[PDB]
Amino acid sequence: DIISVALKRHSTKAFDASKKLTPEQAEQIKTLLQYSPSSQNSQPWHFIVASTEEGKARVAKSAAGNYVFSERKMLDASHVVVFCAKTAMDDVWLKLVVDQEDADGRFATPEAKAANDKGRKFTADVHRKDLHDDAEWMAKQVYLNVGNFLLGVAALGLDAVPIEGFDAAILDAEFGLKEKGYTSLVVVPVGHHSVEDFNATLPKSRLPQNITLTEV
């Protein structure tokens, strides 16, 4: 059951390099990434999935220097996912989203399609013109995908760890993200933990509900 998974999952501190995802697991993690929800189904994201040693080495360049403890995680995991957010809101993307919704058969009429597009544009306009927070808004949706992903991969029986401990400017330059209109936010290595993962046997710790939660 999913509660057992939420209580048993942990942030892996060390991965077993000999243990690779099955072909089926590799496809499943890509499905999890794709099918996350997002505000207005905006999907304001790109994913880099590194599974070769060369690919993972390129991602790990971002952990050089101050983030050296992140490096082994990045190199030793089977697959490494880099979660990127769109930095500017392009109208091309919004059209792409609604054209895909149309192709998938979500609209009964042209008028329903037009209304969906109008709603999405309105929301995007509120964030960019009224709140001046569109970059933040898009990044929040990516963090939502990360949360979905971490629970999903645990429910597949895989070990993972979310990493903010890397240099985003280096990762951006390594993959040319700035010019494509993306920024890297979170790196998530995925695989199986090794016997050196000290966190696997430690109790989980959270604040009590009487501190964080009010019932009304």
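So that there is no doubt, residue numbering starts at 1 and follows the sequence shown.
Relative to its counterpart among 39 to 47 and 154 to 162, 154 to 162 has the higher mean temperature factor, C-alpha atoms as listed in the PDB entry. When 67 to 75 is weighed against 80 to 88, 67 to 75 comes out higher, by mean CA B-factor as recorded in the entry. Note on the listed residues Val187, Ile170, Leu33, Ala26: the highest Cα temperature factor in the record is that of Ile170. Per the deposited record, the Cα B-factor of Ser18 falls in the highest third when ranked against the other modelled residues of its chain. Among all modelled residues in this chain, the alpha-carbon of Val216 has a temperature factor (C-alpha) in the highest third. Among all modelled residues in its chain, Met138 ranks in the lowest third by Cα B-factor. Among all modelled residues in this chain, the alpha-carbon of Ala124 has a temperature factor (C-alpha) in the middle third. In this PDB entry, the Cα temperature factor of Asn199 sits in the middle third of its chain's modelled residues.
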